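Here the structure is laid out as structure tokens; the discussion comes afterwards.
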Amino acid sequence: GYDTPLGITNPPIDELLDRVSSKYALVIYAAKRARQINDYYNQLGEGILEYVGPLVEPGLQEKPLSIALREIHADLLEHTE
Amino acid sequence: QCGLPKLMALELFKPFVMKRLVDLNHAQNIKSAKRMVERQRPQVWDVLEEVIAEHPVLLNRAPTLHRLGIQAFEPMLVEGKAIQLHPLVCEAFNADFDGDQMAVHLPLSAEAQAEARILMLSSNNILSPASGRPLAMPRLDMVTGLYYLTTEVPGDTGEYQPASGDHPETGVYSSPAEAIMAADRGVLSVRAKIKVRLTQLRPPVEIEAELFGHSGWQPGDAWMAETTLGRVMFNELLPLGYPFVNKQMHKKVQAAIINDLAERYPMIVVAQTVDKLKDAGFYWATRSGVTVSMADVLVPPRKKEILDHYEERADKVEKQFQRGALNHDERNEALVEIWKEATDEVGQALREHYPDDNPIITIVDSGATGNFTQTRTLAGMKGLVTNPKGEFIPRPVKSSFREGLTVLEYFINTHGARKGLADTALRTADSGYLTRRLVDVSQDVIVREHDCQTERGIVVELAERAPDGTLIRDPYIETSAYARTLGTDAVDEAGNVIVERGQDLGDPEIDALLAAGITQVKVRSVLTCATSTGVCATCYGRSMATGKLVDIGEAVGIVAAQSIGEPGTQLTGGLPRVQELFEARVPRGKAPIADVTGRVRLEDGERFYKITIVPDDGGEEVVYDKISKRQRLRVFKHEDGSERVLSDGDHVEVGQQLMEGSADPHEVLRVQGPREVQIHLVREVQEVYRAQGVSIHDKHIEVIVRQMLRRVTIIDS
Amino acid sequence: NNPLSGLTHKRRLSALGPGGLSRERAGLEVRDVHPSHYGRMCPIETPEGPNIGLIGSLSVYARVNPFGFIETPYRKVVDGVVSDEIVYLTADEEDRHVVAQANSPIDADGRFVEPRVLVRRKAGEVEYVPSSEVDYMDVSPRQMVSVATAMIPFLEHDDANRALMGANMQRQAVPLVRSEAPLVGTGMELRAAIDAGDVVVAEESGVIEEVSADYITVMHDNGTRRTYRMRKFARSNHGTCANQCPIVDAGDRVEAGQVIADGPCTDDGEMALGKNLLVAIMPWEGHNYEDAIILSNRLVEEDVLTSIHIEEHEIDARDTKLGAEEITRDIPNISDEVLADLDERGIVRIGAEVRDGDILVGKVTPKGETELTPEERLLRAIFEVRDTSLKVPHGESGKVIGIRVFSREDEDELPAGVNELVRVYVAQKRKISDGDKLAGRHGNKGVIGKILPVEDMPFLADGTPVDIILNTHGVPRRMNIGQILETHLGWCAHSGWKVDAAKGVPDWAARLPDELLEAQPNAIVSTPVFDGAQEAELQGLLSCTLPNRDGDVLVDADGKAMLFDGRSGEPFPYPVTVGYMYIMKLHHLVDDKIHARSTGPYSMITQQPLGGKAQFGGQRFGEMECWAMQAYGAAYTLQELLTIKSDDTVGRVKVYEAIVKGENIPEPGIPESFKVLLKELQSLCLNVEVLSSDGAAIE
Amino acid sequence: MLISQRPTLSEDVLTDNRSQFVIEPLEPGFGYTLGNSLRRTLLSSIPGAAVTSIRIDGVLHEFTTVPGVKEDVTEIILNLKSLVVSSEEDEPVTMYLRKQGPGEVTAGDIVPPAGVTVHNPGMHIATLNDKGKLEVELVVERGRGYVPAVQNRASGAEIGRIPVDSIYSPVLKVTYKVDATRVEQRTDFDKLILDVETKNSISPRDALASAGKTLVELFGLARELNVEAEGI
Amino acid sequence: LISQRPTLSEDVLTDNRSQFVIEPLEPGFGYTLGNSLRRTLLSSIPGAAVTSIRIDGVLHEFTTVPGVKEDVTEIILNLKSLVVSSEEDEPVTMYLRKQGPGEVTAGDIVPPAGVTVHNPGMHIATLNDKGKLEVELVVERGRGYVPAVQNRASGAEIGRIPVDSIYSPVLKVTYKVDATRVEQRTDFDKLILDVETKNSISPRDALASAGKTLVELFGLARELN
Amino acid sequence: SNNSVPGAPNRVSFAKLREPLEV
Amino acid sequence: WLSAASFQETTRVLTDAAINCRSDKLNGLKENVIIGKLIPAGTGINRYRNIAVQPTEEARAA
RNA sequence: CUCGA
């Protein structure tokens with residue numbers, strides 16, 4: 001029920017704040033998942049026990065933070081408070 | 001979005017550019033990638049785009065008064081060497097474009113990027129944390145363009161005509177597209193009142209009910225409206241399903257619409273709708289005929305006819321002073337009161353002389369910017385000017401800036417102008433210092449609990465009831481009722497509860513109480529929150545920026561400090577009164593208080609003043625000693641008459657202010673208790689800030705007052 | 001910056017200094033205007049920063065007496081009769097009489113028309129008084145203002161705030177490549193320019209024997225010759241270009257005191273601080289939103305607001321502990337391609353264009369072996385002078401126009417321990433850019449937000465597109481009606497006018513001098529301050545504006561004309577105020593004010609990045625900005641700002657490494673500045689200790 | 001002069017009779033130069049047919065209500081004005097529409113004479129009540145753009161005939177916007193965005209082609225003077 | 001009410017200015033065509049202009065030549081007014097050698113075959129007894145306004161002085177429309193375009209270049225998908 | 001006439017009052 | 001004492017601190033800002049600080 | 001020191 005979110009407003013911040021309790025918690029979720037994704041892209045050619053790769057299909061040259069944020073929007077992650 | 005120069009981003013993302021260059025084998029090693037970036041080889045500009053993609057950056061403009069002085073943006077590479085800023089955030093940054101500079105910071109860690117993307121993005125910070133009203137809204141040219149196309153012109157071309165004689169109804173269009181074509185040919189004016197069949201705009205909830213009602217209006221359902229093509233163009237910008245508004249878009253109207261959109265609709269919708277409003281407003285401000293010309297600054301027609309009749313009363317006092325009938329110091333007040341009525345009568349002579357085609361009037365009456373007093377000095381008369389002493393000069397500035405000041409008129413204007421600049425510098429200094437004090441006293445005040453669950457609230461005067469039966473809205477509803485949370489169920493005359501306890505008093509939820517006959521509420525306050533260290537969210541209420549219950553962890557103390565310190569820049573009581581209150585000094589007014597409720601003992605003379613109270617119950621007489629230079633406050637006596645000047649025999653309650661002034665908070669504490677002194681501080685400070693046109697929510701002040709009374713002293717170890 | 005800046009600077013009156021007072025000892029009373037400053041110090045021209053009121057400019061007719069007080073001239077009034085006798089009075093001398101305002105109606109003989117006249121009286125009291133009471137009267141209306149202030153047309157219609165801004169920004173004008181005198185002047189431009197001394201006036205009358213771009217020789221009447229040398233492309237103190245050009249030609253008769261060659265911001269001997277631009281006062285698609293400015297790329301194409309700037313670069317070759325620094329073209333590990341533009345000495349050659357970072361002077365300094373990194377020593381083994389060449393700083397670029405070399409070997413006396421010194425002069429030709437700051441004479445300032453193509457600009461009826469678009473909203477708030485008037489007269493001066501002389505002189509122009517009833521296009525005029533064009537006369541002149549070459553009158557008697565949107569073609573629905581306004585290029589250009597830093601120097605003691613663009617420093621994240629962060633709750637951003645991005649000695653290095661590696665950002669360490677705090681608190685005999693959760697002091 | 005290559009036109013279909021067109025990238029600032037021309041050519045220079053005037057039986061000087069029908073005269077005129085029609089005869093053509101008894105009147109209940117063709121037989125016109133009867137005559141002409149009803153004052157005879165605004169243009173609503181696109185290094189090039197909503201008489205592709213052809217001939221009038229230089 | 005394909009006729013005002021009348025045009029259409037043609041004319045008309053210069057005794061712009069009254073910067077500004085046309089579409093060199101005393105004008109330039117100066121009377125410099133001026137002028141063909149080609153981007157060495165190139169030969173374009181709004185079936189616009197050039201090309205040639213430009217451009221819409 | 005002392009361009013002034021003393 | 005010494009009367013606070021032999025429990029915004037620890041507010045509080053994100057068992061074929 | 005928002 002809105003115009004197509006362009007650039008950095010996607011995923012919509014309004015839907016992101018429903019899978020989470022508060023603005024602040026979302027930050028840690030996204031950042032730590034982004035760190036896991038970066039370790040995946042740096043440990044893809046070497047080693048096992050590599051952190052879980054991009055769950056969703058990554059756009060070409062997409063920032064890890066963006067991929068983790070979309071994962072959050074797609075209810076593909078858990079948490080441990 | 002924000003636009004930064006290519007060179008700026010190349011230096012900022014230098015290591016990122018080196019990484020990507022050595023990756024795509026544009027450089028042999030990273031060491032050579034660095035030399036490439038430093039020599040600015042053409043490869044980087046195609047690589048840099050990959051690096052900056054969706055990587056947010058922070059923009060800061062000093063002075064950083066409140067948190068919206070720093071916002072996050074998606075960076076866009078631009079040619080040139082200046083930073084491109086969005087026109088709506090100007091208000092937040094208080095940033096004009098006359099040489100202002102901004103700083104850019106690059107968040108590095110994934111966590112920094114997340115914080116900027118979520119917490120600090122400009123689209124997620126539209127509302128003012130101090131008041132809850134929107135900031136990134138149409139403000140200047142935008143509001144002018146919207147006010148333009150949303151105006152109803154009676155005699156405009158293409159107007160709707162009623163069916164009469166040989167022709168039926170002229171000016172009745174089948175589709176807004178048809179009206180557009182008619183305006184293109186030049187038959188219809190955008191601002192003419194017409195009848196249009198709409199098929200993609202929800203009709204007002206007033207008419208939707210009688211036309212549909214049984215089923216909500218559906219996209220595709222048609223209906224006739226009596227608006228202007230311009231108002232239709234306007235209603236297409238705000239989201240589908242928003243009830244059509246057939247109003248003239250003054251600034252207040254637009255702020256109201258955006259406030260309702262922020263309440264009801266989600267964030268992103270407001271973010272995009274306000275951008276659409278910006279585009280429309282600029283397009284039409286360009287084509288609104290708004291221009292300044294010497295001719296459009298109309299001087300009053302009877303201007304000389306108006307001015308000699310205060311040069312009179314200036315001359316009157318000269319011989320009531322020549323024969324000695326007026327003192328030299330009373331003459332000044334007389335002549336001041338003479339010319340001050342001049343300026344008002346001239347304002348009245350100006351409002352009617354100014355036509356509505358005048359562009360200055362279209363600038364001011366549309367709420368764009370400026371008062372009518374500025375237009376009085378511009379087109380009427382500058383009036384009485386003050387010297388560096390303080391009192392108004394017995395001689396006015398008769399000339400207007402359109403007529404041409406005299407030599408001496410300019411010279412005497414400069415006194416005030418220069419001291420204005422000087423004391424404004426000093427005022428900003430004192431304001432900033434008060435600000436840092438407030439910050440440090442409340443820095444460690446965070447929202448640590450969800451609900452302390454504590455009866456203690458406070459009674460908010462929702463509205464007053466007139467003797468005839470009508471309810472008068474209290475002026476403090478905005479700052480004392482909104483964003484609160486209930487402390488007592490709302491009860492009308494019937495047993496029905498209007499609002500349940502714990503519900504955020506929003507706009508419609510206030511209208512509920514008001515239409516129910518209930519005039520008092522008990523609301524949860526941070527004053528009352530009984531938490532060991534922090535404060536509970538329930539007592540705090542709605543986060544003014546988020547529009548929802550404050551999240552656990554938000555540093556509300558700094559937010560309160562900043563919200564109070566940002567407006568300090570504009571003051572005159574005065575700002576020293578705010579300091580007197582926050583430092584718990586022995587005030588200037590030093591007004592006494594009734595230590596025991598009882599009967600008043602007015603024993604007034606002329607040598608001195610002595611007042612005693614006979615306790616209404618037991619007790620002994622309490623004696624005071626005051627100078628006859630003070631005056632008794634008209635206390636709302638038991639007679640129900642607010643104008644009851646305190647005379648003997650009145651029944652005053654304990655802790656009642658006796659004579660006018662400013663009561664000593666220290667005695668208020670040891671008389672009425674911590675609750676009452678906190679309430680006193682809050683609304684005594686709020687008087688200063690409201691008597692200057694500044695709307696701070698009581699929440700923020702309470703946050704500070706809470707810290708003032710956290711400690712107690714030791715009588716016996 | 002420009003001749004007027006220098007003149008004003010020489011006519012400054014400072015309150016600060018030894019024997020005067022400290023800035024911390026200056027109340028709101030020392031700074032505000034005093035009634036005795038009339039005709040002596042200007043109440044307008046004064047900084048608006050922390051030095052407001054402490055620094056005035058001397059009034060125009062003011063002089064100093066041998067005792068030190070500032071005298072001003074007054075005309076003696078004998079018996080209600082104005083005399084040409086002029087006497088100079090001090091402040092206390094003036095207070096012992098009563099003087100009349102300059103603009104009092106006077107008879108052609110000298111008697112006052114009205115019995116009552118405005119009069120200033122002791123203690124700064126203004127009131128009317130009988131004509132038989134006037135002792136003296138003012139010399140000129142502009143007696144109270146400064147040189148700069150008197151250069152504001154229609155000053156009597158501007159508010160003191162915008163007027164102060166205008167008089168202060170005239171001193172920030174940048175000398176343009178070519179200078180145009182303003183259409184609308186005030187009379188002060190001539191004497192301002194001449195007295196400023198940056199022009200060339202003939203000392204004695206004669207004729208011009210031989211004139212060159214280099215010098216001008218004057219053959220006097222008696223037989224002597226004097227040659228004035230022009231100062232060509234000289235670097236001003238503030239990087240503006242001082243360049244004098246001859247005005248007269250060969251074999252021209254010239255009188256004594258005439259300007260034979262004018263310098264920067266001058267045209268035929270008048271102060272030309274800016275250009276006459278065709279202005280349209282309308283909003284335009286938000287690009288001029290509150291005080292931003294829109295310009296026609298014509299001003300870029302025809303170098304209308306182009307200005308020259310000259311930077312001085314300097315390097316020396318000293319004696320070091322391990323030898324002596326030598327300036328040499330032979331630099332270690334430098335390609336022959338970067339050294340291509342250098343002469344045999346390692347000095348850049350004249351005429352070479354240089355970007356930021358290029359080599360200008362090749363200096364290598366010998367470094368000792370005990371100062372090498374283990375990785376540096378290995379890289380030296382796996383493969384003694386280091387590079388200290390003079391490179392071009394970031395953001396600089398231009399043609400190398402001059403070199404100066406001083407060698408202790410070649411007699412040149414240098415400071416002890418210096419063997420060679422080279423100064424390189426680089427000149428840049430800065431066109432007007434997005435973000436450069438323009439301003440008028442009424443404190444109407446702004447930056448360039450968009451430079452549109454000449455076809456996009458809203459153009460007049462005859463196709464001539466405007467040059468600059470000023471937003472309307474930022475006009476009636478500021479109370480600078482001057483520009484409005486200035487604009488209208490502007491147009492009148494560009495087109496000219498012809499008043500209807502037939503059937504007598506119209507009733508509005510009765511007070512105009514006969515020289516003003518007819519004017520050719522591009523005519524020069526003066527609006528003397530507190531005198532000059534009255535609104536009525538301006539209305540009339542707008543009524544009698546000349547038609548264009550096609551016989552059409554483009555502007556209405558209101559002063560507005562009909563414009564066409566160059567982007568869509570449709571004409572704009574309403575008439576717009578069109579005119580000519582004098583706009584100055586202020587010395588606040590993005591080419592100078594842009595800056596950015598990834599990494600760079602760090603202060604030794606605090607280990608925090610340096611400050612200033614010139615040292616390649618970073619921006620300061622102050623206390624208030626930290627409150628902003630804490631407000632948002634961006635904890636990690638705050639930490640990252642105050643640790644890895646600043647003075648975390650090991651954290652910043654690991655961040656750089658992690659960026660070039662693509663790894664994640666590491667965990668911030670401790671700020672070295674806090675270690676410094678601890679050591680200082682110890683230096684004050686305070687035993688500070690950091691305890692762990694167990695209670696043991698940790699080091 | 002030389003070349004300025006790779007300007008491409010792409011279409012995005014929103015509905016069966018609505019499309020967006022992107023022209024990209026154009027030399028600065030050609031997007032603005034041609035965008036307004038194309039919009040005006042679409043809304044004003046596409047041949048179409050539409051109703052010029054009508055005449056309802058029983059309405060001579062009241063033009064207020066028709067007995068037996070729920071809609072008044074103006075609402076009848078409004079729903080008839082949206083009727084889409086095409087004509088192959090250049091001269092005015094007369095249609096009739098008659099229906100008696102309760103029920104609903106549609107555009108399919110119209111009888112088109114030879115040469116004309118109705119493209120929306122399902123459009124609602126009126127709801128007929130019990131014993132309700134509606135008889136109306138419709139004058140159809142060929143034109144372009146939108147010509148108001150007042151100039152059609154002569155098409156209504158002084159005998160019940162009512163002129164109506166004529167929507168001759170087959171396109172209904174056109175808008176456009178221009179963004180900046182950087183092809184190689186400079187970010188000056190313009191990207192033109194057309195938004196065209198038309199009637200089911202023609203598709204957006206053919207409508208845009210017609211506007212392009214008319215404009216090509218128009219500027220060919222200037223090209224036929226000398227024939228010098230400009231790229232491809 | 002139907003079509004009748006319009007006509008374009010030319011009226012000559014001066015040797016470098018013409019008015020063009022286009023009629024009949026759809027109502028409202030006149031202003032758009034005036035503006036479309038104006039925007040193409042003012043920005044995209046092929047012309048020739050000086051790319052670079054080279055004076056013997058000079059190395060950069062910020063100097064003086066002995067014996068000439070104007071410095072190099074003023075000479076370059078005086079040269080910016082040079083109107084020239086070229087047939088080569090490749091770089092071509094003009095020469096100027098002149099000894100003082102006298103005045104150097106644009107007619108003292110010797111243009112190679114293919115290029116031509118249209119205002120030989122333009123003042124360039126004033127030479128005294130000791131004045132000597134030797135100058136090479138590199139002229140290229142282009143359209144619009146291209147800033148001076150850098151020497152770091154070009155292969156030109158130090159002696160070459162680049163200059164801004166104002167290729168556009170058109171000077172001033174305006175338009176007016178006469179509308180026929182007689183409340184009847186026939187409304188129509190008549191467009192009057194006004195084109196003034198700088199003797200480099202005639203107004204008709206400029207309008208023809210604009211016409212070819214726009215025909216080629218609008219041909220993109222005719223091709224389907 | 002304005003500033004008729006050195007040999008400067010004739011800038012015409014709207015001056016109503018005469019200058020008894022030059023700057 | 002660190003939060004107070006950084007506000008006003010630096011010397012007058014440090015003397016009192018050294019006399020009373022005060023310990024600063026590094027648990028305050030000003031203090032953690034001074035020493036560079038995460039502020040106990042917003043994203044720094046313990047509720048949000050220590051959190052492990054794990055993907056739901058749903059995974060793609062590769 | 002002088003200056004810009």
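Lettering and numbering for the structure tokens are positional, with chains as A, B, ... in the shown order, residues counted from 1 in each chain, and ligands counted from 1 in the shown order.
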* Asked: Taking only C-alpha atoms into account, what are the residues of chain A at most 6 Å from chain B, put as a VMD selection string?
  -> chain A and resid 8 22 27 31
* **Within 6 Å of stretch 88-97 of chain B using only C-alpha atoms (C1' of nucleotides), minus same-chain residues under 4 positions, as JSON, numbers by chain** => {"B": [68, 69, 136, 137], "C": [291, 292]}
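Residues from chain A found within 6 Å of chain G are residues 24, 25, 76, 77, 78, 79, 80 and 81 of chain A, counting only C-alpha atoms.
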How would the residues just chosen look if you wrote them out with C-alpha atoms as a PDB file, in the first residue's frame?
ATOM      1  CA  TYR A  24      17.798  -0.653  18.870  1.00  0.00           C
ATOM      2  CA  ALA A  25      17.540  -4.466  18.824  1.00  0.00           C
ATOM      3  CA  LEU A  76      14.714 -16.102   8.220  1.00  0.00           C
ATOM      4  CA  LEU A  77      16.658 -15.426  11.434  1.00  0.00           C
ATOM      5  CA  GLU A  78      16.271 -16.067  15.147  1.00  0.00           C
ATOM      6  CA  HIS A  79      17.672 -14.291  18.210  1.00  0.00           C
ATOM      7  CA  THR A  80      18.952 -14.781  21.754  1.00  0.00           C
ATOM      8  CA  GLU A  81      18.393 -11.933  24.222  1.00  0.00           C
TER       9      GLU A  81
END
* **Residues near residue E:199, cut-off 9 Å, only C-alpha atoms (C1' of nucleotides), skip fewer than 6 positions along chain, as a list in words** =>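 The filter keeps residues 15, 16, 83, 84, 118, 119, 169 and 170 of chain E.
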Using only C-alpha atoms (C1' of nucleotides), which residues sit within 9 Å of residue D:144 once same-chain residues fewer than 4 positions away are excluded, as a PDB file with C-alpha atoms, in the first residue's frame?
ATOM      1  CA  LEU D  43      -2.855  15.412 -26.347  1.00  0.00           C
ATOM      2  CA  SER D  44      -3.513  17.707 -29.338  1.00  0.00           C
ATOM      3  CA  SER D  45      -2.375  16.161 -32.653  1.00  0.00           C
ATOM      4  CA  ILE D  46      -3.801  12.622 -32.804  1.00  0.00           C
ATOM      5  CA  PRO D  47      -6.878  12.139 -35.052  1.00  0.00           C
ATOM      6  CA  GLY D  48      -9.924  10.815 -33.220  1.00  0.00           C
ATOM      7  CA  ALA D  49     -13.712  10.939 -33.107  1.00  0.00           C
ATOM      8  CA  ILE D 167     -12.839  15.051 -26.259  1.00  0.00           C
ATOM      9  CA  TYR D 168     -11.578  14.367 -29.773  1.00  0.00           C
ATOM     10  CA  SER D 169      -8.109  13.327 -28.618  1.00  0.00           C
ATOM     11  CA  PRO D 170      -7.826   9.522 -28.302  1.00  0.00           C
TER      12      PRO D 170
ATOM     13  CA  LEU E   1     -12.798  20.383 -38.013  1.00  0.00           C
ATOM     14  CA  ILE E   2      -9.869  18.528 -39.501  1.00  0.00           C
ATOM     15  CA  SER E   3      -6.253  18.835 -40.580  1.00  0.00           C
ATOM     16  CA  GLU E  26      -2.919  23.048 -33.185  1.00  0.00           C
TER      17      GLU E  26
END
Need the shell around residue B:536: protein/DNA/RNA residues with any atom at most 8 Å away, counting only C-alpha atoms (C1' of nucleotides). Skip same-chain ones fewer than 3 positions apart. Format as a PDB file with N, CA and C atoms, in the first residue's frame?
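Final file, part-v4.pdb:
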ATOM      1  N   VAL B 447      15.535   5.006  29.885  1.00  0.00           N
ATOM      2  CA  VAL B 447      14.320   4.215  30.054  1.00  0.00           C
ATOM      3  C   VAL B 447      14.758   2.771  30.276  1.00  0.00           C
ATOM      4  N   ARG B 448      14.727   2.326  31.534  1.00  0.00           N
ATOM      5  CA  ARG B 448      15.254   1.019  31.898  1.00  0.00           C
ATOM      6  C   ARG B 448      14.186  -0.030  32.172  1.00  0.00           C
ATOM      7  N   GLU B 449      12.938   0.373  32.396  1.00  0.00           N
ATOM      8  CA  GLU B 449      11.869  -0.554  32.739  1.00  0.00           C
ATOM      9  C   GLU B 449      10.665  -0.275  31.850  1.00  0.00           C
ATOM     10  N   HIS B 450       9.829  -1.301  31.666  1.00  0.00           N
ATOM     11  CA  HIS B 450       8.652  -1.142  30.818  1.00  0.00           C
ATOM     12  C   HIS B 450       7.488  -0.522  31.582  1.00  0.00           C
ATOM     13  N   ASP B 451       7.243  -0.968  32.813  1.00  0.00           N
ATOM     14  CA  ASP B 451       6.145  -0.426  33.609  1.00  0.00           C
ATOM     15  C   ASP B 451       6.497  -0.581  35.081  1.00  0.00           C
ATOM     16  N   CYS B 452       6.834   0.538  35.720  1.00  0.00           N
ATOM     17  CA  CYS B 452       7.036   0.561  37.160  1.00  0.00           C
ATOM     18  C   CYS B 452       5.745   0.302  37.926  1.00  0.00           C
ATOM     19  N   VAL B 526       6.642  11.014  34.474  1.00  0.00           N
ATOM     20  CA  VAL B 526       7.965  10.564  34.886  1.00  0.00           C
ATOM     21  C   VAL B 526       8.259  11.006  36.312  1.00  0.00           C
ATOM     22  N   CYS B 529       7.078   8.018  38.393  1.00  0.00           N
ATOM     23  CA  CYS B 529       7.700   6.726  38.150  1.00  0.00           C
ATOM     24  C   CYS B 529       8.616   6.361  39.308  1.00  0.00           C
ATOM     25  N   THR B 531      10.981   4.013  40.027  1.00  0.00           N
ATOM     26  CA  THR B 531      11.978   3.038  39.611  1.00  0.00           C
ATOM     27  C   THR B 531      13.302   3.374  40.283  1.00  0.00           C
ATOM     28  N   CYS B 539       5.212   5.487  32.427  1.00  0.00           N
ATOM     29  CA  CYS B 539       5.191   6.836  32.984  1.00  0.00           C
ATOM     30  C   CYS B 539       5.677   7.854  31.962  1.00  0.00           C
ATOM     31  N   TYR B 540       6.695   7.495  31.179  1.00  0.00           N
ATOM     32  CA  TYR B 540       7.236   8.433  30.203  1.00  0.00           C
ATOM     33  C   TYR B 540       6.221   8.730  29.110  1.00  0.00           C
TER      34      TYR B 540
END
* **Per-residue DSSP, stretch 282-513 of chain C, filtered to strand (DSSP E or B), as a count of residues only** => 81
Can you list every residue of chain E that has an atom at most 10 Å from chain B, with its nearest atom pair and the distance in Å to one decimal, using only C-alpha atoms, ordered by chain then number, as CSV?
residue,atom,partner,partner_atom,distance
E:26,CA,B:185,CA,9.9
E:27,CA,B:185,CA,6.7
E:28,CA,B:185,CA,6.0
E:29,CA,B:185,CA,9.3
Would you put the residues from that selection into a file with N, CA, C and O atoms, as an mmCIF file, in the first residue's frame?
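Output saved as result-v9.cif:
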data_model
loop_
_atom_site.group_PDB
_atom_site.id
_atom_site.type_symbol
_atom_site.label_atom_id
_atom_site.label_comp_id
_atom_site.auth_asym_id
_atom_site.auth_seq_id
_atom_site.Cartn_x
_atom_site.Cartn_y
_atom_site.Cartn_z
ATOM 1 N N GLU E 26 -1.882 23.396 -34.145
ATOM 2 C CA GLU E 26 -2.919 23.048 -33.185
ATOM 3 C C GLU E 26 -2.955 24.110 -32.092
ATOM 4 O O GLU E 26 -1.931 24.748 -31.814
ATOM 5 N N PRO E 27 -4.108 24.352 -31.467
ATOM 6 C CA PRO E 27 -4.174 25.392 -30.429
ATOM 7 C C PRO E 27 -3.331 25.016 -29.218
ATOM 8 O O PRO E 27 -3.389 23.886 -28.728
ATOM 9 N N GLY E 28 -2.536 25.979 -28.743
ATOM 10 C CA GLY E 28 -1.608 25.763 -27.657
ATOM 11 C C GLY E 28 -0.235 25.279 -28.080
ATOM 12 O O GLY E 28 0.723 25.420 -27.311
ATOM 13 N N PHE E 29 -0.117 24.715 -29.283
ATOM 14 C CA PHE E 29 1.113 24.073 -29.729
ATOM 15 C C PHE E 29 2.219 25.058 -30.093
ATOM 16 O O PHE E 29 3.395 24.681 -30.068
#
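Computed from the coordinates, the atom CA of residue C:205 to atom CA of residue F:4 distance equals 17.0 Å.
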* Kindly determine which residues of chain B lie within 9 Å of chain D, considering only C-alpha atoms, and give the answer as a list in words. =>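 Those within range of chain D come out as residues 42, 45, 46, 78, 79, 163, 164, 165, 166, 167, 168, 169, 170, 172, 173, 174, 175, 177, 178, 180, 181, 182, 184, 185, 187 and 197 of chain B.
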* To do: Would you kindly return, as an NGL selection string, each protein, DNA or RNA residue with an atom no farther than 6 Å from any atom of stretch 564-567 of chain C, considering only C-alpha atoms (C1' of nucleotides) and excluding same-chain residues fewer than 3 positions away?
  => (:C and (455-459 or 570-572)) or (:D and (32))
Filtering to C-alpha atoms, could you give me those residues as a compact mmCIF listing (two decimals), in the first residue's frame?
# COMPACT_ATOMS: atom_id res chain seq x y z
CA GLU C 455 18.41 28.05 -22.99
CA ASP C 456 16.82 26.90 -19.71
CA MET C 457 16.87 30.37 -18.18
CA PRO C 458 13.56 32.26 -18.15
CA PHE C 459 14.02 34.67 -21.03
CA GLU C 570 4.93 28.39 -22.04
CA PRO C 571 5.10 31.97 -20.72
CA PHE C 572 4.99 32.37 -16.96
CA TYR D 32 13.20 18.93 -21.53
